[PDB]
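Data first, discussion second: the structure below is written as C-alpha cells.
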Amino acid sequence: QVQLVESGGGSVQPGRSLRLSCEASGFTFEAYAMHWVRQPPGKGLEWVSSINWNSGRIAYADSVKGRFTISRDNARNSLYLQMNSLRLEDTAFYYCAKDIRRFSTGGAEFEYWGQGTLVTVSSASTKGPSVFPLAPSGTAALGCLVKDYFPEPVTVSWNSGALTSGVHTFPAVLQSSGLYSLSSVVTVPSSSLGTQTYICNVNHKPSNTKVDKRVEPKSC
Amino acid sequence: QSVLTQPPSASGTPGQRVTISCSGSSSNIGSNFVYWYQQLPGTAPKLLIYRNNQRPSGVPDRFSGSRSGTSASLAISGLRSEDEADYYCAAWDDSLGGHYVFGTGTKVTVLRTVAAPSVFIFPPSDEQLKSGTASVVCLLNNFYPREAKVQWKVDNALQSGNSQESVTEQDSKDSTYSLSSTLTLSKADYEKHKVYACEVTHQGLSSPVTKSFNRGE
Ligand SMILES: CC(=O)N[C@@H]1[C@@H](O[C@@H]2O[C@H](CO)[C@H](O)[C@H](O[C@]3(C(=O)O)C[C@H](O)[C@@H](NC(C)=O)[C@H]([C@H](O)[C@H](O)CO)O3)[C@H]2O)[C@H](O[C@@H]2O[C@@H](C)[C@@H](O)[C@@H](O)[C@@H]2O)[C@@H](CO)O[C@H]1O
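Right, here's the structure in full:
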C-alpha cells in the first residue's frame, strides 16, 4: 500500500523559514515524479512544485518561485520542501503527492496524496490546550472541551479509538483572544454510564502535548 | 492567473445524478488532459478521474468524466451520502511557459428530509471554574437542514456577543449536521445567575426548544 507521511508543520513567524518533509513507502520511490500541493484552510487547491525521478527537471508555481526549494533523497525515500520568506498567505495544508507515471519529465498527475501537514504562518505564540470534561446530563451526551490553544490542529479520539460511533469533533473556532477552541462530543446509551470508562485523547503536536481526560458523570 | 471555473455548490437526493461543470480556455482543457479530485471533509484530495475519463482502481463506476472542447464535466450517478465532498477539476495550462491549474471547486451536499435537532446543555466543569472562566456548551445533534438559531438566556435575559458557533460538515452516512455553541463568561458573572438556557429555532421545530440547567444542582 502506497503511503506518504508529511511532517514539519506547525507555527512559524512571517519572514522566517520552514522545511517540510515527506516519507514515502509502498512503491519504488526513485521511479516516480513527486509534487507538493497546498490548500489554505477552507479554500481550494494550489500546485506548488514538482521534481522528477532524478531531480533533472524541477518546476515551481510563480507564487513561490524564488522562495521555495524542492529536493528529494531517493536513498531515503523522502521529499523535501524548503520554504523561505514565509507569508500569512502561505498558511496552508501542504500535501505530498506521487505521480501516476513512471520516469516522466513534465506535467503532474497526483495519484496518491499524503494527509498533509498544516503550516500556520503567524506572529502568535505556540500554546498547548487545556482540556475540560463535558460531563453527561436512553441517549446521553458527553464530551471534551479543548480550549485556548494555538496553532491548529488538534486531534481527538475516544478510548484510544475504541469508540467511533456517535462522535462529533467540531471545527475549531478562533476566539477573540487569538486562541482556538473546539468540543468533541459522543452520544452513548445512558445504560453505559456507570459501566464504561470514557477517556478523550487530545493530541496537539505543535506544542508536543498529549492529554488523556477521563469524562465521568457528575455526583449530584 | 488562468482559472478553471466550476459552480460553487451542487446537491442531490440519494440516487440523483449530479453533474459538475468545468469551464476553461483553449490553453488548458482545449489542449490537455483533465483530471478530477475528490476531497472528503477532513481528508486529503483523492484522484477520482484522470486523462478525461479514466477511473483508478477503487473508484466506483458511478463517477465518470468527459471532455468537450474547452469544457469538462464530472457526473455522479446515484449520489450517495459518502459522496458529500469537494470536487476539483484540473489540467495543465500551456500559456505563460506552462503551469498546473486547479479549478475553483464544487461542494456536493445531499438533500435529505428535514430533521429537528436534539439539544443537550453542558455546565462548565469545576476544573475550569478554578481558573476563573466559565464555558457553557449547547449541542444541537443530527439535524437537517444546516441553518439553525442558537439563543442564550441567563435568567431569561437574552445574551449577545459572548457566544461562538461551530457546525460540522454533512455526516457521511445520514446526511445531518451538528452544531456546538459556547457561551463564555467570567467565573464571577457565572455565579451571579442561576438559570442557564439555550433556545433553539429550526425548520424541524414548530416552536423553539429550550434546554437549561440551574447552577449547582
Ligand atoms: C514525457 C513527459 O513527461 N512529457 C511531459 C508531458 O507529459 C506527457 O503528456 C503526454 C500527452 O501529451 C502523455 O499523457 C504522457 O503520459 C504517458 C504517455 O502516454 O506517454 C502516460 C504513461 O502511463 C506513462 N508511462 C508509464 C509507464 O508511466 C508515460 C511515460 O511516463 C512517458 O512517456 C515517459 O516515459 O507517459 C505525459 O507524461 C507534459 O504534459 C502535460 O502533462 C501530462 C501529464 C498531460 O496532462 C498532458 O495533457 C499535459 O499537457 C508536458 C507539460 O508541458 O511536459 C512534458 O515534458
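Top to bottom, those sequences are chains H and L. When the letters of the first sequence are read in order and numbered with the authors' numbering, they come out as residues 1 to 52, 52A, 53 to 82, 82A to 82C, 83 to 100, 100A to 100F, 101 to 127, 134 to 216. When the letters of the second sequence are read in order and numbered with the authors' numbering, they come out as residues 1 to 9, 11 to 30, 30A to 30B, 31 to 95, 95A to 95C, 96 to 213. The C-beta atom is built at its ideal place from N, Cα and C for all residues, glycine as well.
- Message: Suppose contacts are defined by Cβ-Cβ distances below 9 Å. Is L/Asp93 in contact with L/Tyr96 by that definition?
- Response: Taking the first residue of the second sequence as position 1, residue 93 of chain L is located at position 94. Taking the first residue of the second sequence as position 1, residue 96 of chain L is located at position 100. No.
- Message: Quick check: does the Cβ of H/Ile51 come within less than 8 Å of any heavy atom belonging to ligand 1?
- Response: Residue 51 of chain H sits at position 51 when you count from the first residue of the first sequence. Between ligand 1 and H/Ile51, a heavy atom-to-CB distance of less than 8 Å is absent.
- Among H/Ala114, H/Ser50, H/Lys143 and H/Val152, which one has its Cα closest to the Cα of L/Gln160? Reading the second sequence from its first residue, position 164 is the one you call residue 160 of chain L. In terms of Cα proximity to L/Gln160, the closest of H/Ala114, H/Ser50, H/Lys143 and H/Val152 is H/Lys143.
- Message: If you measure between the beta carbons of H/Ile69 and H/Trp36, is that distance less than 9 Å?
- Response: The sequence position of residue 69 of chain H within the first sequence is 70, counting from 1. The sequence position of residue 36 of chain H within the first sequence is 36, counting from 1. For H/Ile69 and H/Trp36, yes; Cβs fall inside 9 Å.
- Item | Nearest to H/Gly106 (by Cα), restricted to the options H/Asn199, H/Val169, H/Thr191 and H/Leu20 | In the first sequence, counting from the first residue as 1, residue 106 of chain H sits at position 116. The residue with the shortest Cα to Cα distance from H/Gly106 is H/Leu20.
- So the beta strand (DSSP E) H/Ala93 belongs to, where does it begin and stop? Looking up residue 93 of chain H in the first sequence gives position 97. Counting along the chain, the beta strand (DSSP E) containing H/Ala93 begins and ends at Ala88 to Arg98.
- Query: In chain order, what residues place their C-beta within less than 7 Å of a heavy atom belonging to ligand 1?
  - Reply: Those residues are H/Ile96, H/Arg97, H/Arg98, H/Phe99, H/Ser100, H/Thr100A, H/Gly100B, H/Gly100C, H/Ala100D, H/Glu100E, L/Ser30B, L/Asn31, L/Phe32, L/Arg50, L/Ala90, L/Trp91, L/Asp93 and L/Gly95B, given in chain order.
- Task: Flag this pair as touching only if the region 162–172 of chain H and the region 108–117 of chain H have three or more C-beta atom pairs under 8 Å; answer yes or no.
- Result: These segments do not touch.
- Query: Shortest alpha-carbon distance to H/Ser50 belongs to which of H/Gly174, H/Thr135 and H/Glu100E?
  - Reply: Within the first sequence, numbered from 1, the residue matching residue 50 of chain H stands at position 50. Cα-wise, what sits closest to H/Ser50 is H/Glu100E.
- Query: CB H/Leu108 to CB H/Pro147, shorter than 9 Å?
  - Reply: Mapped onto the first sequence, residue 108 of chain H falls at position 118. Mapped onto the first sequence, residue 147 of chain H falls at position 151. Yes, Cβ-Cβ distance for H/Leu108 and H/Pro147 is below 9 Å.
- Selection of the region 22–52 of chain H by Cβ proximity to chain L, strictly under 9 Å: Within the region 22–52 of chain H, the residues whose Cβ lies closer than 9 Å to some Cβ of chain L are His35, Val37, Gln39, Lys43, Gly44, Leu45, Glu46, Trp47 and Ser50, listed in chain order.
- Task: Report the three-state DSSP secondary structure of H/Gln1 (helix, strand or coil).
- Result: Working through the first sequence from its first residue, we reach residue 1 of chain H at position 1. The answer is coil: DSSP assigns H/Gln1 none of H, G, I, E or B.
- Any chain H beta carbon closer than 9 Å to L/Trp91: Working through the second sequence from its first residue, we reach residue 91 of chain L at position 92. Chain H contact via Cβ: present.
- Name the residue from L/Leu39, L/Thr69 and L/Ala90 whose alpha carbon lies nearest to the alpha carbon of L/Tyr49. Translated into positions along the second sequence, residue 49 of chain L becomes position 50. Considering only alpha carbons, the answer is L/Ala90.
- Message: Under 8 Å, CB to CB, which of the residues in the region 132–152 of chain L have a partner in chain H?
- Response: So the close ones are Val133, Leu135 and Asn137.
- Message: Would L/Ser162 and L/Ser176 be called neighbours here (beta carbons separated by less than 9 Å)?
- Response: Within the second sequence, residue 162 of chain L is the residue found at index 166, counting from 1. Within the second sequence, residue 176 of chain L is the residue found at index 180, counting from 1. Yes.
- Query: Hey, H/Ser62 and H/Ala136 are a contact pair by Cβ (cut 8 Å); roughly how many whole angstroms apart?
  - Reply: As a first step, residue 62 of chain H is located in the first sequence; it is residue number 63 there, counting from the start. As a first step, residue 136 of chain H is located in the first sequence; it is residue number 140 there, counting from the start. Contact between H/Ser62 and H/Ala136 does not hold, since the beta-carbon distance rounds to 50 Å and is not under 8 Å.
- Would you say L/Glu81 and L/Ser168 are within 9 Å of each other, going by their C-beta atoms? Here residue 81 of chain L refers to the residue found at position 82 of the second sequence. Here residue 168 of chain L refers to the residue found at position 172 of the second sequence. Taking a C-beta distance under 9 Å as the contact criterion, L/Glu81 and L/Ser168 qualify as a contact pair.
- Residues of chain L with a CB under 9 Å from the CB of H/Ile69: which are they? For the purposes of this step, residue 69 of chain H is identified with residue 70 of the first sequence, where counting begins at 1. Annotation: H/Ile69 has no Cβ neighbours in chain L at a cutoff of 9 Å; minimum Cβ distance is about 14 Å.
- Query: Any beta-carbon of chain L closer than 9 Å to the one on H/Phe122?
  - Reply: For the purposes of this step, residue 122 of chain H is taken as the residue at position 132 of the first sequence. At a cut-off of 9 Å between beta carbons, H/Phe122 contacts chain L.
- Are there 16 or more other CB atoms within 10 angstroms of the CB of L/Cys194, so buried, or fewer, so exposed? In the second sequence, residue 194 of chain L corresponds to position 198, counting from 1. The residue is buried, with at least 16 neighbouring Cβ atoms inside 10 Å.
- Under a Cβ-count criterion, where at least 16 other Cβ atoms within 10 Å of its own Cβ denotes burial, should L/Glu143 be classed as buried or exposed? As a position in the second sequence, residue 143 of chain L is number 147, starting the count at 1. A residue is called buried when at least 16 other Cβ atoms come within 10 angstroms of its Cβ; L/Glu143 does not meet this threshold and is exposed.
- Message: Looking only at its chain, what residues have a beta carbon closer than 6 Å to the beta carbon of H/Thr100A, apart from the 5 residues adjacent to it on each side?
- Response: Along the first sequence, one-based indexing puts residue 100A of chain H at 105. Contacts found: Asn52 and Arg56.
- With 9 Å as the threshold, decide whether the Cβ of H/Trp154 is near any Cβ in chain L. Within the first sequence, residue 154 of chain H is the residue found at index 158, counting from 1. No - not a single Cβ of chain L is within 9 Å of the one on H/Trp154.
- Task: Starting from H/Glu46, follow its DSSP beta bridges and name the residues at the other end.
- Result: As a position in the first sequence, residue 46 of chain H is number 46, starting the count at 1. Beta-bridge pairing links H/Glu46 to H/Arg38.
- Task: Locate the beta strand (DSSP E) running through L/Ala130, then write down its first and last residues.
- Result: Taking the second sequence and counting its residues from 1, the one referred to as residue 130 of chain L is at position 134. L/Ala130: member of the beta strand (DSSP E) spanning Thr129 to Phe139, first to last residue.
- Extent of the continuous beta strand (DSSP E) run through H/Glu23: Here the question's residue 23 of chain H lines up with position 23 in the first sequence. It spans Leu18 to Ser25 - the beta strand (DSSP E) in which H/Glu23 sits, taken as one unbroken run.
- Task: Could you spell out the range, first to last residue, of the beta strand (DSSP E) harbouring H/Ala136?
- Result: Here residue 136 of chain H corresponds to residue number 140 of the first sequence, with the count starting at 1. First-last of the beta strand (DSSP E) with H/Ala136: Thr135 to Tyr145.
- Message: Whole angstroms are fine: how far does the CA of L/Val115 sit from the CA of H/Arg83?
- Response: For this step, residue 83 of chain H is matched to residue 87 along the first sequence. For this step, residue 115 of chain L is matched to residue 119 along the second sequence. Spanning the two alpha carbons is a distance of roughly 42 Å.
- Let me know if H/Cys216 comes out buried or exposed under the rule of 16 or more other beta-carbons within 10 Å of its beta-carbon. The sequence position of residue 216 of chain H within the first sequence is 220, counting from 1. Here H/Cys216 is exposed: its Cβ has fewer than 16 other Cβ atoms, across all protein chains shown, within 10 Å.
- At which residues does the beta strand (DSSP E) containing L/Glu195 begin and terminate? Numbered from its first residue, the second sequence carries residue 195 of chain L at position 199. Per DSSP, L/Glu195 belongs to the beta strand (DSSP E) from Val191 to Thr197.
- Query: What is the DSSP secondary structure of H/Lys201, counted as helix, strand or coil?
  - Reply: Working through the first sequence from its first residue, we reach residue 201 of chain H at position 205. Looking at H/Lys201 - three-state DSSP - the assignment turns out to be helix.
- Task: Using alpha carbons as the reference points, say which of H/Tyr90, H/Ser120 and H/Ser54 lies closest to H/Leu175.
- Result: Residue numbering aside, residue 175 of chain H sits at position 179 when the first sequence is read from its first letter. Selected option, being the one with the closest Cα: H/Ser120.
- Query: Can you list the residues of chain L that H/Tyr145 reaches, using a CB-CB cut of under 9 Å?
  - Reply: As a position in the first sequence, residue 145 of chain H is number 149, starting the count at 1. What H/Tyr145 touches in chain L: nothing, since even the nearest Cβ is about 14 Å away.
- Task: Examine chain H for any beta-carbon lying closer than 9 Å to the beta-carbon of L/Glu123, and answer yes or no.
- Result: Numbered from its first residue, the second sequence carries residue 123 of chain L at position 127. It does: the Cβ of L/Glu123 has a partner Cβ on chain H nearer than 9 Å.
- Cβ-based neighbour list, H/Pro40, same chain, cut-off 7 Å, excluding 5 preceding and 5 following: Looking up residue 40 of chain H in the first sequence gives position 40. The beta carbon of H/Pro40 lies closer than 7 Å to those of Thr87 and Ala88 in the same chain, with the five residues before and after it left out.
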